[PDB]
$ cat target_21.json   # JSON, C-alpha atoms
[["chain", "number", "residue", "atom", "x", "y", "z"],
["A", 1, "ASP", "CA", 60.66, 115.36, 158.46],
["A", 2, "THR", "CA", 58.84, 113.77, 155.53],
["A", 3, "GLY", "CA", 59.31, 111.31, 152.70],
["A", 4, "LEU", "CA", 62.34, 112.64, 150.87],
["A", 5, "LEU", "CA", 62.29, 112.64, 147.08],
["A", 6, "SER", "CA", 64.36, 109.59, 146.19],
["A", 7, "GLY", "CA", 63.66, 110.56, 142.59],
["A", 8, "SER", "CA", 65.85, 113.62, 143.12],
["A", 9, "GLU", "CA", 68.55, 111.44, 144.69],
["A", 10, "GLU", "CA", 68.52, 108.96, 141.81],
["A", 11, "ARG", "CA", 68.55, 111.88, 139.38],
["A", 12, "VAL", "CA", 71.69, 113.16, 141.10],
["A", 13, "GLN", "CA", 73.23, 109.69, 140.98],
["A", 14, "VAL", "CA", 72.53, 109.17, 137.28],
["A", 15, "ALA", "CA", 73.74, 112.69, 136.51],
["A", 16, "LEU", "CA", 76.99, 111.97, 138.34],
["A", 17, "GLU", "CA", 77.61, 108.61, 136.66],
["A", 18, "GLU", "CA", 76.75, 109.91, 133.19],
["A", 19, "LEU", "CA", 78.92, 112.94, 133.93],
["A", 20, "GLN", "CA", 81.97, 110.83, 134.73],
["A", 21, "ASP", "CA", 81.27, 108.69, 131.66],
["A", 22, "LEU", "CA", 81.03, 111.75, 129.43],
["A", 23, "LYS", "CA", 84.20, 113.17, 130.99],
["A", 24, "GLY", "CA", 86.12, 110.04, 130.03],
["A", 25, "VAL", "CA", 84.45, 110.33, 126.63],
["A", 26, "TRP", "CA", 85.68, 113.91, 126.33],
["A", 27, "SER", "CA", 89.22, 112.88, 127.25],
["A", 28, "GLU", "CA", 89.23, 110.19, 124.56],
["A", 29, "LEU", "CA", 87.57, 112.45, 121.99],
["A", 30, "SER", "CA", 89.99, 115.30, 122.72],
["A", 31, "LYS", "CA", 92.93, 112.97, 122.18],
["A", 32, "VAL", "CA", 91.38, 111.76, 118.92],
["A", 33, "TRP", "CA", 90.68, 115.34, 117.84],
["A", 34, "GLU", "CA", 94.19, 116.61, 118.53],
["A", 35, "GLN", "CA", 95.88, 113.66, 116.84],
["A", 36, "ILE", "CA", 93.73, 113.77, 113.70],
["A", 37, "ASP", "CA", 93.98, 117.56, 113.43],
["A", 38, "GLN", "CA", 97.76, 117.48, 113.83],
["A", 39, "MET", "CA", 97.85, 114.84, 111.10],
["A", 40, "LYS", "CA", 95.57, 116.40, 108.49],
["A", 41, "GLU", "CA", 96.95, 119.88, 109.16],
["A", 42, "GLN", "CA", 99.93, 119.04, 106.98],
["A", 43, "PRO", "CA", 99.28, 118.81, 103.22],
["A", 44, "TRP", "CA", 100.53, 115.18, 103.26],
["A", 45, "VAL", "CA", 101.68, 114.85, 99.64],
["A", 46, "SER", "CA", 105.14, 113.73, 100.89],
["A", 47, "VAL", "CA", 103.97, 110.86, 103.17],
["A", 48, "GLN", "CA", 102.91, 107.32, 102.19],
["A", 49, "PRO", "CA", 99.24, 106.72, 103.09],
["A", 50, "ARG", "CA", 100.38, 103.82, 105.29],
["A", 51, "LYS", "CA", 101.97, 106.32, 107.67],
["A", 52, "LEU", "CA", 98.38, 107.52, 107.90],
["A", 53, "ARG", "CA", 96.90, 104.02, 108.04],
["A", 54, "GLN", "CA", 98.77, 103.05, 111.20],
["A", 55, "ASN", "CA", 97.26, 106.10, 112.89],
["A", 56, "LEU", "CA", 93.93, 104.70, 111.70],
["A", 57, "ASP", "CA", 94.70, 101.47, 113.52],
["A", 58, "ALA", "CA", 95.88, 103.42, 116.56],
["A", 59, "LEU", "CA", 92.61, 105.34, 116.40],
["A", 60, "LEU", "CA", 90.80, 102.01, 116.17],
["A", 61, "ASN", "CA", 92.70, 100.86, 119.24],
["A", 62, "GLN", "CA", 91.59, 104.00, 121.05],
["A", 63, "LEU", "CA", 88.05, 103.35, 119.81],
["A", 64, "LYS", "CA", 88.50, 99.89, 121.32],
["A", 65, "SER", "CA", 90.19, 101.10, 124.52],
["A", 66, "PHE", "CA", 87.14, 102.28, 126.44],
["A", 67, "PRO", "CA", 84.46, 99.85, 127.72],
["A", 68, "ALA", "CA", 81.10, 99.30, 126.03],
["A", 69, "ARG", "CA", 79.47, 102.11, 128.04],
["A", 70, "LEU", "CA", 80.80, 104.65, 125.54],
["A", 71, "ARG", "CA", 80.52, 102.17, 122.66],
["A", 72, "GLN", "CA", 76.73, 102.56, 122.94],
["A", 73, "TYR", "CA", 76.95, 106.34, 122.50],
["A", 74, "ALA", "CA", 76.31, 108.52, 119.46],
["A", 75, "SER", "CA", 79.84, 109.88, 119.84],
["A", 76, "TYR", "CA", 81.22, 106.36, 119.48],
["A", 77, "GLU", "CA", 79.31, 105.73, 116.25],
["A", 78, "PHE", "CA", 80.21, 109.20, 114.98],
["A", 79, "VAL", "CA", 83.90, 108.48, 115.55],
["A", 80, "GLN", "CA", 83.49, 105.08, 113.89],
["A", 81, "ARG", "CA", 82.01, 106.76, 110.81],
["A", 82, "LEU", "CA", 84.85, 109.28, 110.98],
["A", 83, "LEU", "CA", 86.96, 106.08, 111.13],
["A", 84, "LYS", "CA", 85.37, 105.29, 107.75],
["A", 85, "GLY", "CA", 86.30, 108.96, 107.19],
["A", 86, "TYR", "CA", 89.97, 108.08, 107.84],
["A", 87, "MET", "CA", 89.48, 105.07, 105.49],
["A", 88, "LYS", "CA", 88.35, 107.37, 102.63],
["A", 89, "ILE", "CA", 91.29, 109.63, 103.60],
["A", 90, "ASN", "CA", 93.38, 106.47, 102.83],
["A", 91, "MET", "CA", 91.42, 106.69, 99.55],
["A", 92, "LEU", "CA", 92.25, 110.39, 98.65],
["A", 93, "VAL", "CA", 95.78, 109.70, 100.04],
["A", 94, "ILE", "CA", 96.48, 108.33, 96.56],
["A", 95, "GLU", "CA", 95.53, 111.60, 94.85],
["A", 96, "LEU", "CA", 97.64, 113.79, 97.15],
["A", 97, "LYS", "CA", 100.94, 112.12, 96.22],
["A", 98, "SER", "CA", 99.80, 111.17, 92.70],
["A", 99, "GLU", "CA", 101.84, 112.37, 89.75],
["A", 100, "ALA", "CA", 98.51, 113.65, 88.40],
["A", 101, "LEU", "CA", 98.61, 116.37, 91.08],
["A", 102, "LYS", "CA", 99.47, 119.33, 88.84],
["A", 103, "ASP", "CA", 99.07, 123.10, 88.93],
["A", 104, "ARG", "CA", 96.23, 122.90, 86.41],
["A", 105, "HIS", "CA", 94.89, 119.96, 88.43],
["A", 106, "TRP", "CA", 95.30, 122.11, 91.55],
["A", 107, "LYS", "CA", 93.30, 124.97, 90.05],
["A", 108, "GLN", "CA", 90.58, 122.75, 88.55],
["A", 109, "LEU", "CA", 89.98, 120.93, 91.83],
["A", 110, "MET", "CA", 90.17, 124.33, 93.52],
["A", 111, "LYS", "CA", 87.27, 125.54, 91.38],
["A", 112, "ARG", "CA", 85.42, 122.29, 92.08],
["A", 113, "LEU", "CA", 85.84, 122.64, 95.85],
["A", 114, "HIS", "CA", 85.41, 126.46, 95.57],
["A", 115, "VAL", "CA", 88.02, 126.83, 98.33],
["A", 116, "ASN", "CA", 91.19, 128.97, 98.17],
["A", 117, "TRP", "CA", 94.60, 127.57, 99.14],
["A", 118, "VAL", "CA", 98.17, 128.81, 99.53],
["A", 119, "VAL", "CA", 100.45, 126.36, 97.72],
["A", 120, "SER", "CA", 103.38, 127.00, 100.07],
["A", 121, "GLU", "CA", 101.60, 125.31, 103.00],
["A", 122, "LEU", "CA", 99.58, 122.23, 102.01],
["A", 123, "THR", "CA", 97.59, 122.15, 105.25],
["A", 124, "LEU", "CA", 95.93, 118.73, 104.93],
["A", 125, "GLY", "CA", 93.55, 119.58, 107.77],
["A", 126, "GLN", "CA", 91.85, 122.00, 105.40],
["A", 127, "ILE", "CA", 91.77, 119.49, 102.54],
["A", 128, "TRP", "CA", 89.98, 117.02, 104.79],
["A", 129, "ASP", "CA", 87.78, 119.78, 106.21],
["A", 130, "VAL", "CA", 86.63, 119.95, 102.61],
["A", 131, "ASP", "CA", 84.89, 116.65, 103.25],
["A", 132, "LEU", "CA", 85.69, 113.99, 100.66],
["A", 133, "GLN", "CA", 82.62, 112.12, 101.93],
["A", 134, "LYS", "CA", 80.58, 115.24, 101.05],
["A", 135, "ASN", "CA", 82.28, 116.30, 97.79],
["A", 136, "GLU", "CA", 82.90, 112.74, 96.55],
["A", 137, "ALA", "CA", 81.43, 113.28, 93.07],
["A", 138, "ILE", "CA", 83.46, 116.36, 92.14],
["A", 139, "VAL", "CA", 86.72, 115.01, 93.58],
["A", 140, "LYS", "CA", 86.16, 111.71, 91.74],
["A", 141, "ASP", "CA", 85.59, 113.57, 88.46],
["A", 142, "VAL", "CA", 88.77, 115.57, 89.11],
["A", 143, "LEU", "CA", 90.62, 112.31, 89.84],
["A", 144, "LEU", "CA", 89.37, 110.79, 86.55],
["A", 145, "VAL", "CA", 90.60, 113.57, 84.17],
["B", 1, "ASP", "CA", 148.45, 93.62, 156.25],
["B", 2, "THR", "CA", 148.21, 93.19, 152.44],
["B", 3, "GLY", "CA", 149.29, 96.70, 151.54],
["B", 4, "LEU", "CA", 147.41, 97.25, 148.30],
["B", 5, "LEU", "CA", 147.83, 99.79, 145.50],
["B", 6, "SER", "CA", 144.81, 101.96, 146.25],
["B", 7, "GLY", "CA", 145.76, 104.11, 143.26],
["B", 8, "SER", "CA", 144.13, 101.37, 141.20],
["B", 9, "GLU", "CA", 140.79, 102.04, 142.90],
["B", 10, "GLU", "CA", 141.41, 105.77, 142.59],
["B", 11, "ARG", "CA", 141.72, 105.26, 138.84],
["B", 12, "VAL", "CA", 138.55, 103.16, 139.09],
["B", 13, "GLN", "CA", 136.54, 105.96, 140.67],
["B", 14, "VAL", "CA", 138.04, 108.55, 138.31],
["B", 15, "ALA", "CA", 136.99, 106.37, 135.38],
["B", 16, "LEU", "CA", 133.55, 106.11, 136.98],
["B", 17, "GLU", "CA", 133.17, 109.89, 137.15],
["B", 18, "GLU", "CA", 134.43, 110.19, 133.58],
["B", 19, "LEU", "CA", 131.91, 107.53, 132.59],
["B", 20, "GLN", "CA", 129.03, 109.39, 134.22],
["B", 21, "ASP", "CA", 130.05, 112.61, 132.49],
["B", 22, "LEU", "CA", 130.29, 110.78, 129.17],
["B", 23, "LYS", "CA", 126.89, 109.20, 129.81],
["B", 24, "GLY", "CA", 125.38, 112.65, 130.20],
["B", 25, "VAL", "CA", 127.25, 113.85, 127.10],
["B", 26, "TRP", "CA", 125.98, 110.94, 125.04],
["B", 27, "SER", "CA", 122.45, 111.34, 126.38],
["B", 28, "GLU", "CA", 122.50, 114.89, 125.04],
["B", 29, "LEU", "CA", 124.05, 113.59, 121.81],
["B", 30, "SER", "CA", 121.33, 110.95, 121.58],
["B", 31, "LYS", "CA", 118.75, 113.72, 121.74],
["B", 32, "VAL", "CA", 120.75, 115.66, 119.14],
["B", 33, "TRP", "CA", 121.04, 112.87, 116.60],
["B", 34, "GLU", "CA", 117.43, 111.89, 117.23],
["B", 35, "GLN", "CA", 116.50, 115.41, 116.14],
["B", 36, "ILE", "CA", 118.98, 114.92, 113.25],
["B", 37, "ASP", "CA", 117.36, 111.49, 112.59],
["B", 38, "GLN", "CA", 113.90, 113.14, 112.72],
["B", 39, "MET", "CA", 115.20, 115.46, 109.97],
["B", 40, "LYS", "CA", 117.09, 112.70, 108.09],
["B", 41, "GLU", "CA", 113.70, 110.91, 108.12],
["B", 42, "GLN", "CA", 111.60, 113.90, 106.96],
["B", 43, "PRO", "CA", 110.91, 112.87, 103.32],
["B", 44, "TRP", "CA", 110.33, 116.66, 103.27],
["B", 45, "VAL", "CA", 106.68, 117.86, 102.93],
["B", 46, "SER", "CA", 106.54, 121.65, 103.58],
["B", 47, "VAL", "CA", 109.57, 122.23, 105.85],
["B", 48, "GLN", "CA", 111.17, 125.61, 105.01],
["B", 49, "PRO", "CA", 114.90, 126.37, 104.71]]

$ encode --input "target_21.json" --output "structure tokens"
Amino acid sequence: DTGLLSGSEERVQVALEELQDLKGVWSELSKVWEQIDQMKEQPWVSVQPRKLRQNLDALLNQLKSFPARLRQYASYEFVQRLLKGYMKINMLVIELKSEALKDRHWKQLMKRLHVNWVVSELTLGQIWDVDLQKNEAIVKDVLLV
Amino acid sequence: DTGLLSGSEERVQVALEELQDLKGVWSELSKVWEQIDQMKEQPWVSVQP
């Protein structure tokens, strides 16, 4: 018998508590991920942006659901900035259902984004995966003309 | 004594069974016209014929 390493015990305790916290975080983040991916998967050129915006608010509610223990995490801030991401989706939103969305417009923005699309399925998850927050200049120029 | 027409209550219970069957029928029909409503609501984005 000797002085047992209470440092090891407290390490185990903090690992366990942070583990449960991160598991709740993963549950919330998985729900966010599935909902946003299911949304943006569709081209969304036939759906008012407000049908998107309410999801935004729902996402906000989810971002407000958990206590402050997650709200101090880098994942929380990342999701909040991806909440600004959903806000600039609300931006684009206007281009997707705009009358200016034309075949020549399609091809010109296609060259700008350098991506390749199949017009039959407007999988909006891909169009967001081409980050508007990253390619803002080219998409804004394409919006202008 | 009050000999009562129990056939009234027999009709009551028959109507009850008919009502339960119709409740099941209309639950299924609620699902059906919800799916129809889901369609009727689709402003139509990429849905295929």

$ interface_residues --input "target_21.json" --of "chain B" --to "chain A" --cutoff "10 Å" --atoms "all atoms listed in the file" --output "tab-separated table (two decimals) with C-alpha atoms, keeping the file's coordinate frame"
chain	number	residue	atom	x	y	z
B	42	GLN	CA	111.60	113.90	106.96
B	43	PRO	CA	110.91	112.87	103.32
B	44	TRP	CA	110.33	116.66	103.27
B	45	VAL	CA	106.68	117.86	102.93
B	46	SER	CA	106.54	121.65	103.58
B	47	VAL	CA	109.57	122.23	105.85
B	48	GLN	CA	111.17	125.61	105.01

$ atom_distance --input "target_21.json" --atom1 "CA of residue 49 in chain B" --atom2 "CA of residue 55 in chain A"
28.1 Å

$ atom_distance --input "target_21.json" --atom1 "CA of residue 113 in chain A" --atom2 "CA of residue 88 in chain A"
16.9 Å

$ atom_distance --input "target_21.json" --atom1 "CA of residue 25 in chain A" --atom2 "CA of residue 128 in chain A"
23.5 Å

$ axis_aligned_box --input "target_21.json" --around "range 100-118 of chain A" --padding-each-side "5 Å" --output "lines of an AutoDock Vina configuration file"
center_x = 92.4
center_y = 121.3
center_z = 93.0
size_x = 24.1
size_y = 25.3
size_z = 23.1

$ residues_near_point --input "target_21.json" --point "(88.6, 113.8, 88.6)" --cutoff "10 Å" --atoms "all atoms listed in the file" --output "JSON, numbers by chain"
{"A": [95, 100, 105, 108, 109, 112, 136, 137, 138, 139, 140, 141, 142, 143, 144, 145]}

$ closest_residue --input "target_21.json" --among "A:86, A:71, A:81, A:61" --to "residue 36 in chain A" --atoms "all atoms listed in the file"
A:86

$ residues_around --input "target_21.json" --residues "residue 73 in chain A" --least-positions-apart "4" --cutoff "12 Å" --atoms "only C-alpha atoms" --output "list in words"
residues 18, 21, 22, 25, 63, 66, 67, 68, 69, 77, 78, 79 and 80 of chain A

$ decode --input "target_21.json" --residues "range 35-56 of chain A" --atoms "N, CA, C and O atoms" --output "short mmCIF file (atom, residue, chain, number, x, y, z; two decimals), in the first residue's frame"
data_model
loop_
_atom_site.label_atom_id
_atom_site.label_comp_id
_atom_site.auth_asym_id
_atom_site.auth_seq_id
_atom_site.Cartn_x
_atom_site.Cartn_y
_atom_site.Cartn_z
N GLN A 35 -29.73 17.16 -40.80
CA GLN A 35 -30.78 18.06 -41.26
C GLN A 35 -30.28 19.00 -42.34
O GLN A 35 -30.93 19.17 -43.38
N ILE A 36 -29.09 19.59 -42.15
CA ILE A 36 -28.59 20.55 -43.13
C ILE A 36 -28.22 19.84 -44.43
O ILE A 36 -28.42 20.39 -45.52
N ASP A 37 -27.68 18.62 -44.35
CA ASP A 37 -27.33 17.89 -45.56
C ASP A 37 -28.58 17.48 -46.33
O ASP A 37 -28.63 17.61 -47.56
N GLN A 38 -29.61 17.01 -45.62
CA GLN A 38 -30.86 16.68 -46.28
C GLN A 38 -31.45 17.91 -46.95
O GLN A 38 -32.00 17.81 -48.05
N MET A 39 -31.34 19.07 -46.31
CA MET A 39 -31.82 20.30 -46.93
C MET A 39 -31.04 20.60 -48.20
O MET A 39 -31.59 20.56 -49.31
N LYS A 40 -29.75 20.90 -48.06
CA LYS A 40 -28.97 21.43 -49.18
C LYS A 40 -28.72 20.39 -50.26
O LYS A 40 -28.23 20.75 -51.34
N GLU A 41 -29.04 19.13 -50.00
CA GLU A 41 -28.92 18.10 -51.03
C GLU A 41 -29.79 18.44 -52.23
O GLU A 41 -29.35 18.31 -53.38
N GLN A 42 -31.01 18.89 -51.99
CA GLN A 42 -31.88 19.29 -53.08
C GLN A 42 -31.36 20.58 -53.72
O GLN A 42 -30.75 21.41 -53.05
N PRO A 43 -31.57 20.75 -55.03
CA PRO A 43 -31.16 22.01 -55.67
C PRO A 43 -31.77 23.25 -55.04
O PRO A 43 -31.08 24.27 -54.92
N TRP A 44 -33.04 23.18 -54.61
CA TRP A 44 -33.72 24.29 -53.93
C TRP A 44 -33.72 25.55 -54.81
O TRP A 44 -33.07 26.55 -54.51
N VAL A 45 -34.48 25.41 -55.91
CA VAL A 45 -34.71 26.50 -56.88
C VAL A 45 -36.24 26.54 -57.00
O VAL A 45 -36.76 27.34 -57.80
N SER A 46 -36.91 25.66 -56.25
CA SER A 46 -38.40 25.60 -56.27
C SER A 46 -38.93 25.79 -54.84
O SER A 46 -40.07 25.36 -54.57
N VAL A 47 -38.14 26.42 -53.97
CA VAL A 47 -38.57 26.56 -52.55
C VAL A 47 -38.18 27.94 -51.99
O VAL A 47 -36.97 28.23 -51.93
N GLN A 48 -39.17 28.76 -51.62
CA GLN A 48 -38.91 30.04 -50.99
C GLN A 48 -37.75 29.91 -50.00
O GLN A 48 -37.61 28.89 -49.32
N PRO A 49 -36.89 30.92 -49.92
CA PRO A 49 -35.82 30.88 -48.91
C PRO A 49 -36.33 30.85 -47.49
O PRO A 49 -35.61 30.40 -46.59
N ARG A 50 -37.56 31.32 -47.25
CA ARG A 50 -38.11 31.29 -45.90
C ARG A 50 -38.33 29.87 -45.40
O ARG A 50 -38.16 29.61 -44.21
N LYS A 51 -38.71 28.96 -46.29
CA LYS A 51 -38.74 27.55 -45.92
C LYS A 51 -37.38 27.08 -45.43
O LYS A 51 -37.30 26.21 -44.55
N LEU A 52 -36.31 27.65 -45.97
CA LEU A 52 -34.97 27.50 -45.41
C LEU A 52 -34.81 28.25 -44.09
O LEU A 52 -34.30 27.67 -43.12
N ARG A 53 -35.26 29.50 -44.04
CA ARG A 53 -34.98 30.35 -42.89
C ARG A 53 -35.51 29.76 -41.59
O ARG A 53 -34.83 29.82 -40.56
N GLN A 54 -36.71 29.18 -41.62
CA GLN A 54 -37.25 28.55 -40.42
C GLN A 54 -36.33 27.45 -39.91
O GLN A 54 -36.07 27.36 -38.71
N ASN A 55 -35.79 26.64 -40.82
CA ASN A 55 -34.77 25.68 -40.42
C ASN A 55 -33.63 26.37 -39.70
O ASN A 55 -33.21 25.94 -38.62
N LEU A 56 -33.13 27.47 -40.28
CA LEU A 56 -32.19 28.34 -39.60
C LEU A 56 -32.59 28.55 -38.15
O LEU A 56 -31.84 28.21 -37.22
#
